[PDB]
Structure formats: C-alpha cells, structure tokens
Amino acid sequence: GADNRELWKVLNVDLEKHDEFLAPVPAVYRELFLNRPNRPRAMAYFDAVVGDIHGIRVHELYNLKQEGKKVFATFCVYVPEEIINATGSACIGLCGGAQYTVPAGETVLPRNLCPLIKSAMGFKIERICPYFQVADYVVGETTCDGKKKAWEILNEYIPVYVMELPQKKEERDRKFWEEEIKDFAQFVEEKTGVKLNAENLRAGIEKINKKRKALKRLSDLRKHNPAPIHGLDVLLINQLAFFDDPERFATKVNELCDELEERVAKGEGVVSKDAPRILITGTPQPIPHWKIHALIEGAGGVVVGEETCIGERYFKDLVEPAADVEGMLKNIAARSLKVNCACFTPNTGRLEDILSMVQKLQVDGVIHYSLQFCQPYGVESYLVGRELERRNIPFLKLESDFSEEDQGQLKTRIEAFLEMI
C-alpha cells in the first residue's frame, strides 16, 4: 500500500528504478509459483512475503532503528548471526539474485565477475533496494576474489567490516578464526552499545539455532517418495530465511512441515513416484534466481535437496551451547567453520556431504550448478564429478547467470539429462 512508498522515499530509494525492478516479478511469480498446482496451503505465508517483499519487513527494520537497534547486512553464512541477534539488532542477507541491477554493478566492477556480486553492488550504488537502504553496516568476508576486492569499493557507499576467513581448516586456522570472531564481537558491541553477556548470547544462539532447526526439519522431509513438495518452493523458503524475522520465520516453516507430514502419511506428493529426483549442488541461488529449479521441475523432475548455502550448508550445523561468553564465542566460530565451502582447501568434506545427501534423499541424478565466473566452485566441480561418476551417479555440470538468454539451451540440456535417467 501507499505507506510502503512513503517509507521508500524516506530511505532515499530511487523510486522509478525500484518500480522497474519489481514490475516483472508478479507475472513470474504467478507462472512459477501461484499457478502451479498441489502446493501446500502453508505456502501462503511465504507467497505473501514475496508479494510485499519490500513492505512489512522493511518497516519493521526501520522501526527497530528508531528504537536504537542496528541493521547489519551480510553476504556469507560464516558471519555470525548469533552475535548480532544477541544485541537485539537485525541481520539480513543481501546476496544478489537479480539481472536488473547487474549493469549498475558493472559501473564499478568488471563484467567478468560473479553476477551475485555485480547484482548486490548495483542495488546499493543506485539505491534500488529498500533493505540495502535501511542497513547500517555491511559485514564482508575474505572468501572469493570478487567479493574480497568488491568490499574495498562498496565501503565508499556503506561501511564494510571485513572479516578474514582463513583458507584451510588446520589447527592454526581454527585459532585464527576464533580471534576473528572475537574482534567481530567487539565491533558489534561498540556499534550497538550492547555488551554481550551469558544471558543474551545464549538467547541469540537459541534464536538462530531454532531457525536452522526448522529448515533442517523441512530438508529431511524431502527424503520421501513421492516428493511431498516441489523443491522450488523450498528454495524460496530458504531464500526468505535471509530477510525474515527469525522467530516468525521458524514458526511458519514448522507450520509447513506439519502439512507435509500429513501428505507423507497419505502417500500424497506433487509428482509421480516415478519422477526423477534431483540433488542440486554448487553455489547459492539468491532470490529471485529461480531459473534452474524451474527448468528441472517444469521438465518433470523434482529437486529434493540443495547442497548450497541457500540450502543445506546454511542450516545443517547448529551451535553447541556453552556456559560462558568465551565458550559461546568459541563455539559460534566452530559452527561456522563446519561449513564446507569451496573457498577452503582441500574440501573433501563437501564431497562426503554430497554423497550423504544422495543416499539419504534417494537421488536419481546430481546437477552441479554454479554461477558464471565463480572460480572456487567452477574448479572444484572437476573433483566432485569424478567421484560421483566413479560411483555411476548420473551427473550434469551446469553454469549460468541471471539473464534469460540461455533459458532455451539450458532447458534442452536439462531435458536430455532427465530423459537419460
């Protein structure tokens, strides 16, 4: 309603460009979501979030700031949400998923860079995103080359705190990352004016753990045949995890899981039991980058898992409680270092994660999907494919960007792969 436009003006949103970004979303969401039959009734909450994606939650974040709290924007699962949450402040994940802002990003970034990075840069530099406009700080991290060097540029438009993630997981790395988490905690305390204590850090941990546990519950339900829910609906929910209130989100996710239990009991699903079941592995797919799932599932397959950070790598690992602040900070650091991202070397644990999901989810085929110019995941795909093919697990390597130019060629290749199996 009009009060959203009122808030966008206050936030110095470029109203005309922002309207252009959202303009095609309603028809896309009807094609890929609303007109698709057999969807759980409990998808209505998430559908309404999408319909008001820059409305109610942006108002909440703005009102939090009037109460003296802060809004932190992050781009990686390694940044400790628990520490931000402990202070009463908000954490939002703003990885880009939109072709519309990629040109704006290219005004300061190379064209041959990950479109996640280019899209995010474009949102902020042109003031197109109400979330980016309500953020107080960005927390950057030293993962891939493009992100690391992009923060140096972005810092000119919004303050970027750069967390140094190590590149191995040996003992020296683990201690290094512990110290990085301590330095970040001190930064959060200073910007918020709220000191961490045993009580508030325990509660921050519990709040984020409860969100991960709901998404984990949902992921496990997908092991059933027939698939009780289309994977594209789960991708959407995993995407929305990065914007929503953590407690409301966890509640609505659990409401959905209840309805899916009903389905699994009656043997009801969204697809035939003979429908090929697909595991996606690779890079995160931020909202509204629905292309790959929509092609797989429009072709009669069903995606039953995502081994990605908008997916399993986000929610698998929970923080282990500890008795004091120092122990809780150590365990928060330890939780993030369980994430088997391709920026680490070696990364053999991710392969065990993929193979474990293949077994657990009764997967007929693995699609390895990584964004164009993502070099960590592009390179690592060779060793991943080799072990999957040694085990005669069907394997398709796909790469794309946020544009629609290659929809046709991707569609054919996916169709050929699903026919083969």
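Residue numbers run from 1 along the displayed sequence.
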- Note on the structure: Ranked by mean Cα B-factor in the entry, 256-264 and 284-292, top stretch is 256-264
- Query: Going by the B-factors listed in the PDB entry, is the mean over the C-alpha atoms higher for 13-21 or for 400-408?
  - Reply: 400-408
- Query: Based on what the PDB entry reports, which of 56, 354, 388, 64 has the top C-alpha B-factor?
  - Reply: 388
- Between 337, 237, 198, 342, which carries the biggest CA temperature factor in the record? 198
- Message: Ranking the modelled residues of this chain by C-alpha B-factor as given in the entry, is residue 368 in the lowest, middle or highest third?
- Response: highest
- Note on the structure: Chain-relative C-alpha B factor for residue 278 (record values, thirds): the highest
- Task: For residue 250, return the chain-relative third of its C-alpha B-factor as stated in the PDB record: lowest, middle or highest.
- Result: middle
- Query: Thinking about Cα B factors across the chain, which third does residue 106 belong to?
  - Reply: highest
- Item | Chain-wide C-alpha B factor ranking for residue 133, given as lowest, middle or highest third | lowest
